[PDB]
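Engineer: Quick one: experimental structure and sequence below.
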Amino acid sequence: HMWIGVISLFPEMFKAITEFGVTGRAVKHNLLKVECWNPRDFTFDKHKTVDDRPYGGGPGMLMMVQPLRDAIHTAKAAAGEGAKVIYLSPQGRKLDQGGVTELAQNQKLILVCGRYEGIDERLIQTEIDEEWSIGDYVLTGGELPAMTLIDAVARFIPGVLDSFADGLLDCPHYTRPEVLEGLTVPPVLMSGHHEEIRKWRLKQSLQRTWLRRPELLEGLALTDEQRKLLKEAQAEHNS
Amino acid sequence: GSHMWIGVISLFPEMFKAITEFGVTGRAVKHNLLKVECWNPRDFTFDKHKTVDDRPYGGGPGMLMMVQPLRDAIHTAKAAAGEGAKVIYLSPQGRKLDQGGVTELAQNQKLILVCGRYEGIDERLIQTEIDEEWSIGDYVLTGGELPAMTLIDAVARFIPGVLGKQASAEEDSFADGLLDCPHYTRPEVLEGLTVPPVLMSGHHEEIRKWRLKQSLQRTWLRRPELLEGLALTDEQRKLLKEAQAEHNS
RNA sequence: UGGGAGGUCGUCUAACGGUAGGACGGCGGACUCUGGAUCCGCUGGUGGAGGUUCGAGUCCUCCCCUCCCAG
Ligand SMILES: Nc1ncnc2c1ncn2[C@@H]1O[C@H](C[C@@H](N)CC[C@H](N)C(=O)O)[C@@H](O)[C@H]1O
Ligand SMILES: Nc1ncnc2c1ncn2[C@@H]1O[C@H](C[C@@H](N)CC[C@H](N)C(=O)O)[C@@H](O)[C@H]1O
């Protein structure tokens, strides 16, 4: 299974994944364990200070190095041999399914969540192994990015289960009723012949990947069949 | 004052406490700057056992969300929102979110966010009820709730009064299309790493230029593509050239 | 190191020839809303010697240092 350490000022936010859905069930079955450490518990003053103003002035607050460092060492300690420390940040490697598959190898990870204007550069230099971004946009804190990462990798823990399965966008899906607001379910889905249906769905994934996200298409090495189905799909669009 | 309304359809509305009860966004909610209402398809399920999923035609992996509870929750939300309510489906097949897209979404006063579960939702509900599809990235999650919260948070940073200092909004990556410069705070020396002297000089102009040059250097080194097609200034051009030079030596 | 211009807390900016203030910064404390915070204090300057004057940040001389205009 998998163990995840989180350093965050709002550990209760993590209940969002540790108590609901697939991940909640994973936690209940001891397949996934998530432990949180809060830098505030590492302060030594009445107001539990974990941040201050960035030098050179100007607006904003930066998190202080010491509570985070102490929290990280505590986590690393109670983590064992070889825990990799990742900092969530928009300046890090942009996360994608390949990165997710790579991340799913580590048995233990510690995730550092920023707030306000960020964290001290020296903490990044001295304690962080890798930086990961969930996308080219900026959030108010690292807790959501951390939960996103945790969820994406959790879809791999053995015994818990599929877009990008083959590098392609998923195909369209249908359920009851047979007719919805005048829209009928594709007759092919009703033939009951599993093979004709599979080929239809695959053609659909190719068509969808090609239209909405053609760049995803550039790197793949398609089977003869996939190339054929995509060309067939291509013929209908320009007609 | 300013204000935004977000309607959410999700089987696990309690997850949203993560943003409505914590940090800047939680405060935004407390100050009535941001309002979030959550409708749960389970409250719409007729089924005695309150079944919210259903089988996909054609078999295979997964279950799909059952059409009636979900459709009905959406109709209720659209009904509460009135006009100007744009409906977005969070899905990996949607438009990949970036800071430009965030600025675009932030132009809406009302949004309804549909969070999928299981293998997703019936395609016909997407065609008939969804206005736009959005992805937070090229990776797959167990549900649309995290994506939804992400979208809300990213856009929330643009509502006036959410951050309290409006200049903070710009002092982040992608704000002006460049990555942020590195930051330092107290104490001045910690475990042998010293704070760069310019930041302690009290010399405002040198500090402004240092911060700007650093932002440029970092962008060039990590994400040079952002630089492509950017419209600098003479000063920025000068600082960048200096940075490209200095980095090599 | 040739011809102009100019030197005030670290930076920015004030002061009649009458005792040098302010903003930002930095440091120190509080702060039962961790707040992209707030509040209260402390720190700190006329580049250097001469002369004029009852008195010089200010006027005069020299020296030193800095910016602009071909080294
Ligand atoms: N795109 C993102 N991917 C991962 N984490 C993010 C992302 N955007 C923000 N965060 C987290 O949110 C925290 C607070 C941010 N406002 C700080 C941003 C920081 N000034 C920067 O530009 O890198 C960051 O420290 C990260 O922990
Ligand atoms: N990258 C993403 N961007 C936006 N929403 C996502 C993303 N990944 C998962 N989701 C949400 O999670 C839901 C259920 C997913 N487990 C499976 C989705 C399914 N692959 C599809 O074709 O939509 C998706 O329908 C979305 O609501």
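Structural biologist: Perfect, I can see it now. Numbering: from 1, shown residues only, chains lettered A, B, ... in the order given. Ligands and ions are numbered 1, 2, ... in the order given.

Engineer: What count of nearby residues applies to the closest residue to residue A:136 other than its chain neighbours?
Structural biologist: Of all residues not flanking residue A:136 in the chain, residue B:98 sits nearest, at 4.5 Å (Cβ to Cβ, 6 or more residues apart in numbering or on different chains). All C-beta spots, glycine's among them, are computed from the backbone N, C-alpha and C. A count of nearby residues for residue B:98, using other Cβ atoms under 10 Å in any protein chain shown, gives 15.

Engineer: State which helix of chain A is the longest.
Structural biologist: Longest helix of chain A, by residue count under DSSP state H: helix A:194-212.

Engineer: who's in contact with that helix?
Structural biologist: Counting by Cβ atoms under 8 Å, 6 or more residues apart in numbering or on different chains, helix A:194-212 makes contact with A:166, A:168-172, A:186, A:188-189, A:191, A:216-217, A:225-226, A:229-230, A:232-234, A:237, B:58-59, B:93, all of which sit outside it.

Engineer: One more: stretch A:186-193?
Structural biologist: Applying Cβ under 8 Å, 6+ apart, the contact partners of stretch A:186-193 are A:174, A:196-197, A:200, B:57-58.

Engineer: Need the max-distance pair from these.
Structural biologist: Farthest apart among these by Cβ to Cβ are A:174 and A:196. That separation is 15.8 Å.

Engineer: and chain A, which of its residues are near RNA strand C?
Structural biologist: Applying the criterion Cβ under 7 Å from any atom of the strand, the portion of chain A that neighbours RNA strand C consists of A:9, A:45-51, A:53, A:55-61, A:115-117, A:138-141.

Engineer: ok, now with 6 Å
Structural biologist: Counting by Cβ under 6 Å from any atom of the strand, the positions of chain A adjacent to RNA strand C are A:9, A:46-51, A:53, A:55-57, A:59-61, A:116-117, A:140.

Engineer: Same list, the residues you listed, but only the ones touching ligand 1.
Structural biologist: Judged by Cβ under 6 Å from any ligand atom, the overlap between those and the neighbourhood of ligand 1 comprises A:117, A:140.

Engineer: Now name the helix or strand holding residue A:235.
Structural biologist: Taking DSSP states H and E as the definition, one finds residue A:235 inside helix A:224-238.

Engineer: could you say what helices and strands that helix packs with?
Structural biologist: Packed against helix A:224-238, as judged by 3 or more Cβ pairs under 8 Å, 6 or more residues apart in numbering or on different chains; DSSP states H and E, are the following elements: helix A:194-212.

Engineer: gap between the helix or strand that the helix it packs on is followed by and the chain center?
Structural biologist: Counting by DSSP H and E, the next helix or strand C-terminal to helix A:194-212 is helix A:214-217. Between the centre of helix A:214-217 and the centre of its host chain there is 21 Å, according to Cα atoms, centre = their mean, to the nearest Å.

Engineer: same thing with stretch A:196-213?
Structural biologist: Distance, centroid of stretch A:196-213 to centroid of chain: 25 Å (Cα atoms, centre = their mean).

Engineer: I figured residue A:106 was touching residue A:85, is that so?
Structural biologist: No: with contact defined as Cβ atoms under 8 Å, residue A:106 does not count as touching residue A:85 (10.6 Å).

Engineer: What residues does chain A have near ligand 2?
Structural biologist: With Cβ under 6 Å from any ligand atom as the criterion, chain A comes near ligand 2 at residues A:163, A:170.

Engineer: Which other helices and strands does the top strand by length along chain A contact?
Structural biologist: With secondary structure taken from DSSP state E, chain A has its longest strand at strand A:84-94. When contacts are defined as 3+ Cβ pairs under 8 Å, 6+ apart, strand A:84-94 packs onto strand A:108-112, strand A:130-133, helix A:143-154.
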